[PDB]
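Shown next, in structure tokens, is the structure this report addresses.
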Amino acid sequence: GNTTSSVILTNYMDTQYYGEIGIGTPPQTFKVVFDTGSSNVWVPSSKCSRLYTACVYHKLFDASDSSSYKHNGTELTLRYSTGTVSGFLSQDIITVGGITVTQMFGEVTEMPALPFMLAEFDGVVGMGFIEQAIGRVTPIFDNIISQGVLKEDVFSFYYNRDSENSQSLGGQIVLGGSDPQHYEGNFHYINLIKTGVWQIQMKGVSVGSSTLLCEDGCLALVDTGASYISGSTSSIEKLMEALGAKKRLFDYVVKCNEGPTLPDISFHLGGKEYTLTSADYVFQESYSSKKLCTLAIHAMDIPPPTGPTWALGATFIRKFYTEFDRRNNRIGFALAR
Ligand SMILES: O=C(c1c(Cc2ccccc2)n(-c2ccccc2)c2ccccc12)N1CCNCC1
Ligand SMILES: *[C@@H]1O[C@H](CO)[C@@H](O)[C@H](O)[C@H]1NC(C)=O
């Protein structure tokens, strides 16, 4: 068609980027992450037991208040690297950036405190392919494309560096195109290894001058739902050894004074080198030799068939404006602004 639709995103602490969607008639509004690492839409349900503290602290969908709701009831379990949710399938009208679509989604009735008591968002909108959809439910972007309204069969992500500042724009998703106000130079495209997953070949990971990791190639999942850049436990422990970082419970840390002294990290993608300086990957909350500063990179062991794989999350997207091209099964990067 002839239209472009944008979704304004809120940036919470450079870790969570989410926007609003409306579900039902009248619309029930939810804060959702737009996740290229998954293919299902879900929100917490009014049928969720209140013994789940996450269901007490999040917005719940009430099918009994929606006149456009259509029952299904098929049970589903959605397993992620950080945790699992369980519930059942429902159908209703979903509003995303002015676009209205009839969508099958999950009503979550089992929502663990860890990690969901840490989510500022309520649910998730899966931006991945039908191949990875649980219960083979048609993903939302596929349903939007069927309407024949969007200018291009593409969607783009802008994640802002600034979270603290008001009047800044936390981020932005453009359905059906890109926003040239948020990137500079030209897009550099990398073809997907295969359709069904937003995953590309990575030809090397350099720490400083030498290529210390991913010699002989490896995989890179471009994941909008991930806060950090992640690699396997084996890759990260080698990376962190090179940086001189100390392993804590879930993350890696450096003495704050040493943060600025850290080397550049380069990701070799489609013949181009994508470089992050220490300012890009260190949470520089102070300069004290008496304080510990977290790194926006951690270990995450993603199981087969998708993994073992690196994941390029918000840490990477903040520097590089990303276009997800469904028409040509490729990913484009440009310097964000
Ligand atoms: O499990 C996670 C991730 C989730 C929770 C989630 C689940 C589904 C969609 C979006 C966010 N979060 C997460 C973010 C904030 C609070 C609690 C969890 C991560 C933070 C860093 C790395 C990974 C994940 N992912 C796997 C699936 N793709 C996105 C990343
Ligand atoms: C739920 O919807 C799916 C469509 O994917 C269909 O296969 C199934 O029969 C539906 N179940 C009910 C109980 O309506």
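Labels for the structure tokens follow display order: chains A, B, ..., residues from 1 in each chain, ligands from 1.
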
Checklist line | 12 Å contact set for residue 200 in chain A, only C-alpha atoms, chain neighbours under 4 positions out, as number ranges by chain | finding: A: 189-196, 217-223, 267-270, 306-307, 309-312, 324, 329-332

Check: Which polymer residues have any atom within 10 Å of an atom of range 135-151 of chain A, counting only C-alpha atoms, with same-chain residues fewer than 6 positions away left out, as a ChimeraX atom specification?
Finding: /A:1-5,38-41,74-78,89,94,96,99-106,125-129,175-177,326

Note to self: If the limit is 6 Å from any atom of ligand 1, counting only C-alpha atoms and all ligand atoms, which residues qualify? Return them as a list in words.
What the structure shows: residues 16, 33, 35, 37, 38, 80, 81, 82, 115, 116, 118, 119, 124, 225, 226, 227 and 228 of chain A

Requested write-out: N, CA, C and O atoms of the selected residues, as a compact mmCIF listing (two decimals), in the first residue's frame:
# COMPACT_ATOMS: atom_id res chain seq x y z
N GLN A 16 15.22 -1.69 28.93
CA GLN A 16 13.90 -2.09 28.46
C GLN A 16 13.31 -1.02 27.57
O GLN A 16 13.21 0.14 27.97
N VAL A 33 7.07 -5.23 24.69
CA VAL A 33 8.37 -5.25 24.02
C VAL A 33 8.11 -5.80 22.62
O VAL A 33 7.37 -6.77 22.46
N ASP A 35 9.82 -7.71 19.93
CA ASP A 35 10.87 -8.71 19.99
C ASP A 35 11.10 -9.53 18.72
O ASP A 35 10.31 -10.42 18.40
N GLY A 37 13.40 -11.65 18.44
CA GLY A 37 13.85 -12.94 18.94
C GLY A 37 12.75 -13.94 19.21
O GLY A 37 13.04 -15.06 19.64
N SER A 38 11.48 -13.54 19.04
CA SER A 38 10.32 -14.43 19.24
C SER A 38 9.22 -14.08 18.25
O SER A 38 9.30 -13.04 17.59
N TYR A 80 11.59 -18.89 27.13
CA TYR A 80 12.64 -17.94 26.76
C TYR A 80 13.89 -18.26 27.52
O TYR A 80 13.86 -19.08 28.44
N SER A 81 15.00 -17.61 27.15
CA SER A 81 16.29 -17.78 27.79
C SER A 81 16.24 -17.35 29.25
O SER A 81 16.93 -17.93 30.08
N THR A 82 15.42 -16.34 29.55
CA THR A 82 15.31 -15.78 30.89
C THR A 82 14.21 -16.41 31.73
O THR A 82 14.22 -16.26 32.96
N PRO A 115 11.65 -13.74 35.85
CA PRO A 115 12.10 -12.34 35.77
C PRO A 115 11.00 -11.27 35.67
O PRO A 115 11.31 -10.09 35.57
N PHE A 116 9.73 -11.68 35.65
CA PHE A 116 8.62 -10.77 35.34
C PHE A 116 8.29 -9.68 36.32
O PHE A 116 7.71 -8.68 35.91
N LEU A 118 10.49 -7.86 37.34
CA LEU A 118 11.50 -6.90 36.91
C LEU A 118 11.15 -6.20 35.59
O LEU A 118 11.83 -5.24 35.19
N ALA A 119 10.10 -6.67 34.91
CA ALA A 119 9.63 -6.12 33.65
C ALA A 119 8.75 -4.89 33.90
O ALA A 119 7.80 -4.95 34.69
N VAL A 124 4.58 -8.98 25.34
CA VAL A 124 5.49 -9.03 24.20
C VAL A 124 4.75 -9.14 22.89
O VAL A 124 3.76 -9.87 22.79
N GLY A 225 14.44 -7.74 21.54
CA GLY A 225 13.92 -8.03 22.86
C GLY A 225 14.99 -8.30 23.89
O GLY A 225 14.66 -8.54 25.05
N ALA A 226 16.27 -8.30 23.49
CA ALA A 226 17.40 -8.54 24.39
C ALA A 226 18.03 -7.20 24.81
O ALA A 226 18.24 -6.33 23.96
N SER A 227 18.34 -7.05 26.12
CA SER A 227 18.92 -5.81 26.65
C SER A 227 20.37 -5.63 26.25
O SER A 227 20.81 -4.50 25.98
N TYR A 228 21.13 -6.74 26.27
CA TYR A 228 22.56 -6.74 26.06
C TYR A 228 22.99 -7.44 24.81
O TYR A 228 22.18 -8.03 24.09

Next item on the list: Apply DSSP to the backbone of this structure and, from range 164-266 of chain A, keep only the residues in strand (DSSP E); write these as a ChimeraX atom specification.
Entry: /A:171-175,183-191,199-202,204-207,211-213,218-222,229-231,246-247,252-255,265-266

Note to self: My list of candidates is A:21, A:293, A:9, A:133. Which is closest to ligand 2 when distances are computed with only C-alpha atoms and all ligand atoms?
What the structure shows: A:133

Next item on the list: Taking the chain letters and numbering used in this document, name the residues of range 30-222 of chain A that DSSP puts in alpha helix (DSSP H), as a ChimeraX atom specification.
Entry: /A:53-56,113-116,140-146

Any chance you could export the current selection's C-alpha atoms as a CSV table (one decimal), in the first residue's frame?
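part_15.csv written:
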chain,number,residue,atom,x,y,z
A,53,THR,CA,3.0,-11.5,42.2
A,54,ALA,CA,3.8,-10.5,38.6
A,55,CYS,CA,0.1,-10.7,37.8
A,56,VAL,CA,-0.7,-8.4,40.7
A,113,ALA,CA,8.2,-13.4,39.7
A,114,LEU,CA,11.7,-13.9,38.3
A,115,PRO,CA,12.1,-12.3,35.8
A,116,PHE,CA,8.6,-10.8,35.3
A,140,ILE,CA,1.3,-10.0,13.8
A,141,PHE,CA,3.6,-8.5,11.1
A,142,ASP,CA,2.4,-11.3,8.7
A,143,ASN,CA,-1.2,-10.4,9.5
A,144,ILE,CA,-0.5,-6.6,8.9
A,145,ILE,CA,1.3,-7.4,5.6
A,146,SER,CA,-1.8,-9.3,4.4

Next item on the list: Would you kindly return, as a ChimeraX atom specification, each protein, DNA or RNA residue with an atom no farther than 10 Å from any atom of residue 180 in chain A, considering only C-alpha atoms and excluding same-chain residues fewer than 2 positions away?
Entry: /A:177-178,182-186,321,334,336-337

So that I have them on file, write out the residues from the current selection with N, CA, C and O atoms, as an mmCIF file, in the first residue's frame.
data_model
loop_
_atom_site.group_PDB
_atom_site.id
_atom_site.type_symbol
_atom_site.label_atom_id
_atom_site.label_comp_id
_atom_site.auth_asym_id
_atom_site.auth_seq_id
_atom_site.Cartn_x
_atom_site.Cartn_y
_atom_site.Cartn_z
ATOM 1 N N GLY A 177 8.778 0.789 6.685
ATOM 2 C CA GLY A 177 9.896 1.619 6.237
ATOM 3 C C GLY A 177 10.950 1.941 7.275
ATOM 4 O O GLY A 177 11.125 1.210 8.250
ATOM 5 N N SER A 178 11.658 3.059 7.059
ATOM 6 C CA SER A 178 12.726 3.590 7.924
ATOM 7 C C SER A 178 12.564 5.076 8.107
ATOM 8 O O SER A 178 11.917 5.725 7.289
ATOM 9 N N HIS A 182 16.743 9.339 11.995
ATOM 10 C CA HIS A 182 17.407 8.529 13.017
ATOM 11 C C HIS A 182 18.595 7.672 12.574
ATOM 12 O O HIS A 182 19.112 6.877 13.366
ATOM 13 N N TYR A 183 19.044 7.847 11.321
ATOM 14 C CA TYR A 183 20.265 7.208 10.840
ATOM 15 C C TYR A 183 21.009 8.100 9.867
ATOM 16 O O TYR A 183 20.429 9.009 9.280
ATOM 17 N N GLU A 184 22.282 7.831 9.671
ATOM 18 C CA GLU A 184 23.088 8.556 8.705
ATOM 19 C C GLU A 184 23.943 7.588 7.929
ATOM 20 O O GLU A 184 24.147 6.434 8.336
ATOM 21 N N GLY A 185 24.375 8.052 6.777
ATOM 22 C CA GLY A 185 25.086 7.222 5.821
ATOM 23 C C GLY A 185 24.106 6.273 5.152
ATOM 24 O O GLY A 185 22.879 6.484 5.184
ATOM 25 N N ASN A 186 24.642 5.192 4.580
ATOM 26 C CA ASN A 186 23.834 4.197 3.875
ATOM 27 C C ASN A 186 23.695 2.916 4.644
ATOM 28 O O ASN A 186 24.583 2.566 5.432
ATOM 29 N N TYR A 321 21.239 1.745 13.884
ATOM 30 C CA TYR A 321 19.839 1.750 13.432
ATOM 31 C C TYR A 321 19.657 0.485 12.556
ATOM 32 O O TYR A 321 20.462 0.226 11.660
ATOM 33 N N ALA A 334 22.780 0.906 9.779
ATOM 34 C CA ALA A 334 23.288 2.240 9.493
ATOM 35 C C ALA A 334 23.599 2.908 10.828
ATOM 36 O O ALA A 334 23.008 2.547 11.847
ATOM 37 N N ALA A 336 23.301 5.075 13.775
ATOM 38 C CA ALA A 336 22.148 5.743 14.381
ATOM 39 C C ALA A 336 22.473 7.186 14.761
ATOM 40 O O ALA A 336 23.639 7.522 15.008
ATOM 41 N N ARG A 337 21.429 8.036 14.815
ATOM 42 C CA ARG A 337 21.545 9.429 15.248
ATOM 43 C C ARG A 337 20.270 9.959 15.923
ATOM 44 O O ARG A 337 19.180 9.375 15.733
#

Check: Excluding same-chain residues fewer than 2 positions from residue 280 in chain A, what lies within 8 Å of it counting only C-alpha atoms, as a PyMOL selection string?
Finding: chain A and resi 276-278+282+315+319

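The neighbours of residue 258 in chain A here are the residues that come within 8 Å of it, using only C-alpha atoms and leaving out any residue fewer than 3 positions away in the same chain; they are residues 254, 255, 261, 262, 287 and 289 of chain A.
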
Item checked: CA of residue 208 in chain A to CA of residue 264 in chain A, distance in Å rounded to a single decimal -> 5.2 Å

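Reported to one decimal place, the separation of CA of residue 58 in chain A from CA of residue 155 in chain A is 27.7 Å.
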
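Computed from the coordinates, the CA of residue 51 in chain A to CA of residue 15 in chain A distance equals 27.1 Å.
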
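Distances here use only C-alpha atoms; by that measure, the residue among A:211, A:25, A:201, A:294 closest to residue 64 in chain A is A:25.
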